[PDB]
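# Chains, contacts and geometry: an overview
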Amino acid sequence: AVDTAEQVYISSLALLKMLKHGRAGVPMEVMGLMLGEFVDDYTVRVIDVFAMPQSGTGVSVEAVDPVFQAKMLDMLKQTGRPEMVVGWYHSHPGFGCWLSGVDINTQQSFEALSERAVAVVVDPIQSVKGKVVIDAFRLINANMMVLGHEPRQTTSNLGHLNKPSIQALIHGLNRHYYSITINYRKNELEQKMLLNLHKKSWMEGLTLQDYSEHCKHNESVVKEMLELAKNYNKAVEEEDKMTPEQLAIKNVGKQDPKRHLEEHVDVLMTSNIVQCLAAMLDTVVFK
Amino acid sequence: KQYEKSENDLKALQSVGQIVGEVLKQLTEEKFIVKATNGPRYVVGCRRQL
Amino acid sequence: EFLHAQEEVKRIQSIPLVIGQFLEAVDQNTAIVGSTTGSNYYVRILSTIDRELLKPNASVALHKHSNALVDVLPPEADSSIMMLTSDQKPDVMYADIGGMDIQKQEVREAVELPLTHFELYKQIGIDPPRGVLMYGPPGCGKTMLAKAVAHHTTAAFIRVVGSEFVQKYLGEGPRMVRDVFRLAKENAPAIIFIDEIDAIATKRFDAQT
Amino acid sequence: XXXXXXXXXXXXXXXXXXXXXXXXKXXX
Amino acid sequence: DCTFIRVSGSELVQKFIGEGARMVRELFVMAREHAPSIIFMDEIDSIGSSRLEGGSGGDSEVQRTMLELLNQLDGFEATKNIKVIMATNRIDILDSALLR
Amino acid sequence: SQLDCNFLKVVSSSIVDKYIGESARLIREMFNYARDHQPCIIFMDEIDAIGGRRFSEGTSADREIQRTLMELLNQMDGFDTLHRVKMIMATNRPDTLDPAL
Ligand SMILES: Nc1ncnc2c1ncn2[C@@H]1O[C@H](COP(=O)(O)OP(=O)(O)OP(=O)(O)O)[C@@H](O)[C@H]1O
Ligand SMILES: [Mg+2]
């Protein structure tokens, strides 16, 4: 009996259930269970995530009646299939995504019941529209603090995905627990429809916006573009021999030639080309 | 009856006080500029249902 | 990938942000800000911020722990005082004042007219006035004329008490004067009215106490 | 010529800061 | 036909403590650098300070500047090409007896 | 003794303090509390401490009193008018008072 390089599989429904419950309960830790399957002794797979009614404070959060718990799993068995709890999750809002002193106290509760019970940390605050800060941890004993805890037969959970962050090892790594890797499994069926949800019908592809405002927008943009050219004559001619990093310090301020001049040309280009070219097709195609 | 007083004090201990400040202006729907009474200014947010 | 790289920087804001004010810039991508925590720092700035937003002494956002320039606020944010808001016109019509036809006409052209006929001053060589002073016996309509001109105007109007910036701190007084005048420069053609400057504009000297 | 005076006070401001990596529970 | 130098220097410079000990220094460098020059003054010191009235009770930063005015004029001119001119009302307040 | 809920009494001598502001700051809070409850009564016995007339640039301590005095001359007439706010004033000598008051 030994650990390995473990891997946390997910479901795509889970991560959206993670953050939306986290964002809607932002100024405190919000709690939930995590529901999946132990596919082997090496990797772990969650497929479902649900919450429970709770009761919180500013510093602590508690659950309420467990009659909600077994009745929830009962009605998830008869619709779909039966499944297995694998762990749980909560949030650390704006924190360093690290297991707290009460967060660790519910883990000897969970690791004694099932072995590979995963604690999962989410933060909907340090997560931007580019990327999510998801996190998952796995408790280790203190009795084996001298003896080795992982046999380390590969490189996949050692130097990959980061070295551990300084604000998370200040409480954790590698004392009292160990981190674990997370990837994203994708079925083909949802993968195909997760691709195409930002497109429209042919109505949007064949509009002709309106020629009054389109000429008005062209009348607008060229008019200040004249004034940008007024300022552009002065600065390019000016060029005090100043070793141009000093040119590059006297330009932070109000100074902006050559920057709007590339910008408005791009706007006047892509507007006029598409407005012409879509009006081209509505005569060739139609009648 | 004396045990009921002790259980109220068990509940009373884990309460944490809150900072008092004044709202300067509303930046966006979830960004707000407030100011603590002792000094400096911050950028904050509400919860959901305020 | 560079546009994916710009978006992934943006976790640094996340709104526990503190507010300073921009002061100066040394060189490329390194500057000086003055915090509202009292002290003064030497910080680093993000490559994301467009450099056109700088030097009004702009209100800026700063990180808590590491204290770097992260965001540029709207410039009217750190003001701590407001103008005549939306509806507090004191309900005094222009014809409510009786028989001040010299002085009602004089102040009205002292304020509204150089918005239009500015170059008639320079062609004569007048150098048009920035400010106007009013005085007299106590109750000859000094406040009412300034009270009436707010009702029948459209410009930004900021009422100012005589002696409110006299707080017991170190230098809040000159900080509040900067807060007023940046707000007048930022908003509009504006009108600043400071009633009772006798509380401050005294003659005597600096008694060192 | 022989005239006394009173006085006044201009109290300084105060500010504090920390590393803020300390948790405040320890209870439970 | 001399280089006129007008110094207003009324009270906005009287408050400036840290550079108050140099504003006369490089100014008299400017007079001996440019030309045969003539420096003009006005009531500004007499409104600032006269004598030891604001003396041991805090030094008020302004009479200390006046002691540096007297320091350089004691140092060496013999006019050399440069006069200074001062014009005032409220004539009977300052310390002219030491300056006679 | 009729109202017993909506009556403000001021000794007009405990207003002063040791700081520079902080005496006006009471007066702003008073009228704003008098702004919130609508039918308020203000009573300041013995104005002659805070009242005075004028001094020709004397002590800086006099300038603290006069700046405190001019906050009353503002916020009785000023910009913001008053409604249902009545001010009873009492003194022994009225000759020493400011004619602007
Ligand atoms: N020409 C006028 N027409 C109508 N009412 C007037 C006129 N002149 C003065 N008043 C009266 O004077 C008041 C206008 O404000 P006031 O003249 O008191 O301001 P002020 O001159 O600054 O006084 P103070 O110097 O005492 O603050 C109003 O209450 C009004 O009743
Ligand atoms: Mg008035």
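### Here's the deal with the overall build of chain A
For chain A, the helix and strand inventory stands at 7 helices and 10 strands. In terms of overall dimensions, chain A is more spread out than a globule: its C-alpha atoms have a radius of gyration of 29 Å, far above the 19 Å expected for 287 residues. On the principal axes, the C-alpha backbone points of chain A span a range of 75 × 65 × 45 Å. In chain A, which comprises 287 residues, the share counted as buried stands at 28%.

### Quick look at the sheet that holds strand β1 (residues 3-6) of chain E
All names here are of chain E. Across the sheet, 3 strands lie side by side as β1-β2-β3; this open sheet has parallel pairing. Both edges of this open sheet fall to β1 and β3 (83-86), since each of them pairs with a single strand only. Adjacent strand axes in the sheet meet at a mean angle of 20° when their direction is disregarded. Across 4 bridges, strand β2 (residues 37-41) lies against β3 in parallel orientation.

### Concerning the pattern of salt bridges
Counted by the stated rule, this structure contains 18 salt bridges over all chains. One salt bridge connects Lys223(A) with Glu219(A), and the closest N-O pair in it is separated by 2.7 Å. Of this pair, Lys223(A) and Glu219(A) both sit in helix α6 (residues 211-238), 4 residues apart, which is roughly one turn of that helix. With a shortest N-O distance of 2.9 Å, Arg28(F) and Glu71(F) are connected by a salt bridge. Of the two residues, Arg28(F) sits in helix α1 (residues 24-36) while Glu71(F) sits in helix α2 (residues 60-76), which places them 43 residues apart along the sequence. Judged by relative accessible area, which is 0%, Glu71(F) ranks as buried.

### Things to note about the interface of chain F and chain C
Opposite the 17 residues of chain F that make contact, chain C presents 22 residues. Of the roughly 1800 Å² buried where chain F meets chain C, counting both sides, 58% is carbon and sulfur surface. When the buried surface of chain F facing chain C is broken down by residue, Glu57(F), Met70(F) and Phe79(F) rank first, second and third, together holding 35% of it. Put simply, chain F and chain C have 1 salt bridge between them. Taken together, the links from chain F to chain C amount to 4 residue pairs in polar contact. When its residues are assigned to classes, the side of chain F that touches chain C shows 6 nonpolar, 3 polar and 8 charged.

### Concerning the pairing of strand β3 (residues 85-90) of chain F
In the sheet, strand β2 (residues 40-45) of chain F pairs with β3(F) via 6 bridges, with the strands oriented parallel. Looking at the pairing, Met44(F) lines up with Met89(F) of β3(F).

### Some thoughts on the interface of chain A and chain D
Contact residues are listed per partner, giving 7 residues for chain A and 4 residues for chain D. Across the side of chain A that touches chain D, the residue classes tally to 3 nonpolar, 3 polar and 1 charged.

### Some thoughts on the pairing of strand β1 (residues 17-27) of chain C
Here 2 bridges tie strand β3 (residues 41-44) of chain B to β1(C), and the two strands are oriented antiparallel to one another. By the bridge assignment for β1(C), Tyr42(B) is matched with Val18(C). Where β1(C) lies against strand β4 (residues 59-62) of chain C, 4 bridges are found, and the strand directions are antiparallel. Note on β4(C): the bridge partner recorded for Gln21(C) is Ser59(C).

### Thoughts on α6(A)
Residues and elements named next belong to chain A. For α6, spanning 28 residues, the distance from its first C-alpha to its last is 40 Å, which sits close to the expected 40 Å at 1.5 Å a residue. What α6 keeps buried is the set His214, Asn218, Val221 and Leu228. On its buried side, α6 packs onto α7 (260-284). A positive backbone phi angle near 40° is found at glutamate 239, which sits one or two residues after α6.

### So, the site of ligand 1
Surveying the vicinity of ligand 1 reveals the residues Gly98(C), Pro138(C), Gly139(C), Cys140(C), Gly141(C), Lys142(C), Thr143(C), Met144(C) and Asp77(F). Nearby residues place ligand 1 at the junction of chains C and F. Within the backbone of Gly139(C), a nitrogen or oxygen atom sits 3.1 Å from an oxygen atom of ligand 1. Within the side chain of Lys142(C), a nitrogen or oxygen atom sits 2.4 Å from an oxygen atom of ligand 1. Burial of ligand 1 by the protein amounts to 62% of the accessible area it has alone, namely 620 Å². Its residues assigned to classes, the shell around ligand 1 shows 3 nonpolar, 4 polar and 2 charged.

### Overview of the UniProt feature "short sequence motif: JAMM motif" in chain A
UniProt feature "short sequence motif: JAMM motif": in the numbering of this structure it lies at residues 90-103 of chain A. Helix makes up 0% of residues 90-103 of chain A and strand 14%, and the two end C-alpha atoms of the span are 9 Å apart.

### Looking at empty space enclosed by the protein
All names here are of chain A. For the largest cavity, the calculated volume is near 140 Å³. Taken together, 14 residues make up the lining of the largest cavity; nearest its centre are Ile10, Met18, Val46, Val120 and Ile134. Only α1 (12-24), β3 (43-50) and β8 (133-139) provide two or more residues apiece to the lining of the largest cavity. With 3 residues, α1 is the single largest residue contributor to the lining of the largest cavity. Considering only residue class, the lining of the largest cavity consists of 13 nonpolar, 1 polar and no charged.

### Remarks on a nonpolar patch on the surface
Residues and elements named next belong to chain C. Taken together, the side chains of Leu133, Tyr135, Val177, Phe181, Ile192, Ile194 and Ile197 make up a nonpolar region of the molecular surface, amounting to roughly 680 Å² of accessible area. Mapped onto the nonpolar patch, the elements with two or more residues apiece are α5 (172-187) and β7 (190-194). Relative to the helices and strands, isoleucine 194 is located in strand β7.

### Notes on the packing of aromatic side chains
Taken as a whole and judged by the stated rule, the model has 5 aromatic pairs over all chains. When the ring of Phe4(E) is compared with that of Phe40(E), the centres are 6.2 Å apart and the planes differ by 35°; the resulting orientation is tilted. Pair noted here: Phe4(E) is in strand β1 and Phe40(E) is in strand β2, with a separation of 36 residues, a long-range link. In this structure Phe4(E) comes out as exposed when scored by relative accessible area, which is 54%. When the ring centre of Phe38(A) is taken as reference, the NZ or CZ atom of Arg116(A) above it lies at 5.1 Å.

### Topic: the sheet that holds strand β6 (residues 84-91) of chain A
Residues and elements named next belong to chain A. Pairing within the open sheet is mixed, and its 8 strands lie in the order β9-β8-β7-β6-β2-β3-β1-β10. The open sheet has two edge strands, β9 (177-179) and β10 (181-182), and neither has a second partner. As paired strands, strand β2 (residues 31-37) and β3 are joined by 5 bridges and run antiparallel to one another. Bridging from a neighbouring strand, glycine 36 pairs with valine 46 of β3.

### Focus: unusual backbone geometry
Omega for the peptide link from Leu173(A) to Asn174(A) comes to 0°, which places this bond in the cis form. Along the chain, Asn174(A) turns up in the loop between β8 and β9. Of note in this structure, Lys287(A) is not a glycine but carries a positive phi near 55°. Turning to its location among the elements, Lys287(A) is positioned in the segment after α7. Residue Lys287(A) is classed as exposed on the basis of its relative accessible area of 96%. Notably, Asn57(C) is not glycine yet its phi reads approximately 55°, a positive angle. In this fold, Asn57(C) is placed in the loop between β3 (43-44) and β4. A relative accessible area of 34% places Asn57(C) in the partly exposed class.

Definitions and limits used
- Residues numbered from 1 in each chain as written, not as in the entry; some residues may be left out.
- Chains lettered and ligands numbered in written order.
- Part of a larger assembly, values for the part shown.
- Heavy atoms only, no water.
- Residues with missing side-chain atoms left out of burial classes, pairs and counts.
- Helix = DSSP H or I, 4+ residues; strand = E, 2+ residues; numbered from the N terminus.
- Rg over C-alpha atoms; globule rule 2.2 N^0.38 Å.
- Buried < 20%, exposed > 50% of the residue type's maximum accessible area, 1.4 Å probe, protein only.
- Pairing = 2+ DSSP bridges.
- Axes fitted to C-alpha atoms, helices over the stretch in contact; angles between N-to-C directions.
- Salt bridge = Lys/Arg side-chain N within 4 Å of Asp/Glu carboxyl O.
- Contact = heavy atoms within 4.5 Å.
- Buried area = accessible area lost by both parts, 1.4 Å probe.
- Polar contact = N/O pair within 3.5 Å; in protein donor to acceptor, adjacent residues only side chain to side chain.
- Nonpolar A, V, L, I, M, F, W, Y, C, P; charged D, E, K, R; others polar.
- Expected span 1.5 Å × (residues − 1).
- Near = heavy atom within 4 Å.
- Areas by Shrake-Rupley, 256 points an atom, 1.4 Å probe, with all protein chains shown as cover.
- UniProt positions renumbered as here; feature names shortened; annotations may be inferred.
- 1 Å grid on protein atoms, 1.4 Å probe; cavity = no way out; pocket = protein on both sides within 12 Å on 5 of 7 lines; lining within 4 Å.
- Points joined across faces, edges and corners; volume = space filled by probe spheres on them.
- Patch = residues over 30% accessible without salt bridge, like charges linked within 9 Å, V, L, I, M, F, W, Y side chains within 5 Å.
- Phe/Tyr/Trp six-rings, centres within 6.5 Å; stacked < 30°, edge-to-face > 60°.
- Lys NZ or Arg CZ within 6 Å of the ring centre and 35° of its normal.

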